[PDB]
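Observations on the three-dimensional arrangement
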Amino acid sequence: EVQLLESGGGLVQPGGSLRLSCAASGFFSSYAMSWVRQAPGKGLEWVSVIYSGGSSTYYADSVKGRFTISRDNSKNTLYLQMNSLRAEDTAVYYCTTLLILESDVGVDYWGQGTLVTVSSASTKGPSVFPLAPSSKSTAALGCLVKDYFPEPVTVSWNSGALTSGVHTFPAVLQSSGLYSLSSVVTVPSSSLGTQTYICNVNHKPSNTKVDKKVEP
Amino acid sequence: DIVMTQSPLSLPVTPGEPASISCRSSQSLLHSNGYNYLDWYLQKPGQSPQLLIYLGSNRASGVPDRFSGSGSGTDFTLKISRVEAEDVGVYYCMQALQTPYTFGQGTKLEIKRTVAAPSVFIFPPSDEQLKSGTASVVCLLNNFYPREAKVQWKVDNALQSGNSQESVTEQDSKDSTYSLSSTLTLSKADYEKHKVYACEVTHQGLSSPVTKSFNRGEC
């Protein structure tokens, strides 16, 4: 089983540097790896490529001279040194094999992606407020994750057990420069007090984790 | 650099009907051999890109025969014989002939469903947030189609403007619906100055606009 796990993402100042670490397992040194990034809401943009045969590296014009792709075959890791970072570099960075044509079948393996955000703002942990259900004014309830930076936060329900009918919305940049989103879940109206609903908010950049019980 | 141009950018297709996306390059993608270095990629909502067609017309492993690619040189076309609900996402064409590799603009495939009126919900601010000097009242529209909707905030029948923001999810891969949340944020002083808080929803699946409301001071 081939698995690509990207790491190194987080917040960095304009002109600062980040070092992305892409790890792999199963079937790595034999294929050319690539980096593909995507600004939030925009399309995919190819960044750089390294070839299996040592170092035969190519870069896009937008990142040429500033980023450096490399690989450590002794640790089975793909690296991307990002120097002189600017605000337009804010994107989720994927490491990918692109096309691997072996035998007569074509395969493709992508990583989960790691978010790089370029800004001078400081890290802030989120406040979690309950959205409790009621009536006389199907039933819905959720959690409001307000005033955090930077992206992302991960929100699950009942430690990931409840998944049907859950809607976590894209974060919205408030006027204060802080993000905000809500995660709601719709349940059949007759199950009031039939189950217990807790939301698990995790904001790794601030090392904050909140478990908020939601009840009417 | 080779410029990859996709057309169209958005493609509404009813399930069971064909879909066709074109990809034009500013230079021939044919090498000295007989392979066209053009790939097609699909990115489903919330997932990483997934390879569909490689080298112009070769179907990748796991891709159903409903997907097919054709073309040579500077004009290629991706075809879906019968689109399904799970085909929601953005389709990109990438060239791998000469460096730098370049992707297209992307084609967002919208699945044309039957009309479904939204379920509107209203959420009052919590007492915990009211202690912080701010109040957030949230309005929820659950599983509707099409995406077009008007959400207006009225406080004591006074239409609000400038203090609300909307957030819409991608089309669901199962029922091809959208969900939308609109948050109205006021300070604790302004929130306590009024009594009736309501969000009014206008949608084509609703004969007349629907309003969910509440009066502050109730649990």
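Residues numbered from 1 in each chain as written, not as in the entry; some residues may be left out. Chains lettered and ligands numbered in written order. Heavy atoms only, no water. Residues with missing side-chain atoms left out of burial classes, pairs and counts.

Method of determination, as annotated in the archive: X-ray crystallography, at 3.000 Å resolution.

**Quick notes on the packing of aromatic side chains**
Within this structure, the stated rule accounts for 14 aromatic pairs over all chains. Aromatic pair A:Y51 and A:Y58: ring centres 6.1 Å apart, planes at 85°, arrangement edge-to-face. On the basis of relative accessibility, which here comes to 28%, the residue A:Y51 falls in the partly exposed class. The interplanar angle of 15° and the centroid separation of 5.9 Å between the aromatic rings of A:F149 and A:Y179 together place this pair among those described as stacked. Highlighted residues: A:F149 in the loop between β14 (139-148) and β15 (154-157) and A:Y179 in strand β18 (residues 179-187), separated in sequence by 30 residues. For the pair A:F149 and A:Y179, a shared accessibility class is recorded, and that class is buried. Among the aromatic residues, ring-to-ring pairing joins A:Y94, A:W110, B:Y41, B:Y92 and B:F103 into one connected group. Here the basic side chain of B:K212 rests over the ring of B:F121, its NZ or CZ set 5.8 Å away from the ring centre. (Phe/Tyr/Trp six-rings, centres within 6.5 Å; stacked < 30°, edge-to-face > 60°. Buried < 20%, exposed > 50% of the residue type's maximum accessible area, 1.4 Å probe, protein only. Helix = DSSP H or I, 4+ residues; strand = E, 2+ residues; numbered from the N terminus. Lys NZ or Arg CZ within 6 Å of the ring centre and 35° of its normal.)

**A short note on the pattern of salt bridges**
If charged atoms from side chains of opposite charge come close, those side chains can pair. All names here are of chain A. Applying the stated criterion to the full structure yields 12 salt bridges over all chains. Two residues, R37 and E45, come together in a salt bridge whose shortest N-O distance is 2.7 Å. Residue classification places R37 among the buried positions, given a relative accessible area of 5%. When its relative accessible area of 30% is taken as the criterion, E45 is described as partly exposed. Each of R37, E45, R66 and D89 takes part in one network of salt bridges that share partners. (Salt bridge = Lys/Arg side-chain N within 4 Å of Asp/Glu carboxyl O.)

**Some thoughts on unusual backbone geometry**
Cis geometry marks the peptide bond from A:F149 to A:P150; its omega dihedral reads 0°. Examined against the element boundaries, A:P150 turns out to sit in the loop between β14 and β15. A cis amide bond, omega 0°, links B:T99 with the succeeding residue B:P100. Mapped onto the elements, B:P100 comes out in the loop between β9 (89-95) and β10 (102-103). Backbone geometry places B:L55, a non-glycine residue, at a positive phi of 55°. Here B:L55 is to be found in the loop between β5 (49-54) and β6 (58-59). Look at B:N157: it is not a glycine, yet its phi comes out positive at around 60°. Among the structural elements, B:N157 can be located in the loop between β14 (150-155) and β15 (164-168).

**Quick look at the sheet that holds strand β17 (residues 196-202) of chain B**
All names here are of chain B. What the 3 strands build is an open sheet, ordered β14-β17-β18; its pairing is antiparallel. Of all the strands in the sheet, just β14 and β18 (210-215) have a single pairing partner and so form its edges. Strand-to-strand twist across the sheet, computed as the mean angle between neighbouring axes with direction ignored, equals 15°. Sheet topology places β17 next to β18; 6 bridges connect them, and they run antiparallel. Considered in β18, the bridge of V201 is made with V210. (Pairing = 2+ DSSP bridges. Axes fitted to C-alpha atoms, helices over the stretch in contact; angles between N-to-C directions.)

**Section: the environment of A:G106**
In this structure, A:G106 sits in strand β11 (residues 105-107). For A:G106, a relative accessible area of 1% translates into the label buried. Remark: the alpha-carbon pair of A:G106 and A:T77, spanning 29 residues in sequence, is separated by 23 Å. If sequence neighbours within four positions are ignored, A:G106 has contacts with A:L99, A:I100, B:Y54, B:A60 and B:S61. (Contact = heavy atoms within 4.5 Å.)

**Focus on the interface of chain B and chain A**
Facing the 38 residues of chain B at the interface are 46 residues of chain A. Considered class by class, the residues forming the side of chain B that touches chain A number 19 nonpolar, 16 polar and 3 charged. (Nonpolar A, V, L, I, M, F, W, Y, C, P; charged D, E, K, R; others polar.)

**Some remarks on the state of the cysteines**
Here is the idea: a disulfide is a covalent bond, and it sits between the sulfur atoms of two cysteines. Under the defined criterion, the tally for this structure stands at 4 disulfides over all chains. Across the disulfide, A:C143 is cross-linked to A:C199 (sulfur-sulfur distance 2.0 Å). Linking A:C143 and A:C199, the disulfide has an S-S dihedral of approximately -90° and is accordingly described as left-handed. Taken together, the positions of A:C143 in strand β14 and A:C199 in strand β19 (residues 197-203) put the pair 56 residues apart, joining distant regions of the chain. One exposure class covers both A:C143 and A:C199, and it is buried. Covalent S-S linkage joins B:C23 and B:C93, the inter-sulfur distance amounting to 2.0 Å. Torsion about the S-S bond of the B:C23 and B:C93 cystine: about 80°, corresponding to right-handed handedness. (Disulfide = S-S within 2.5 Å.)

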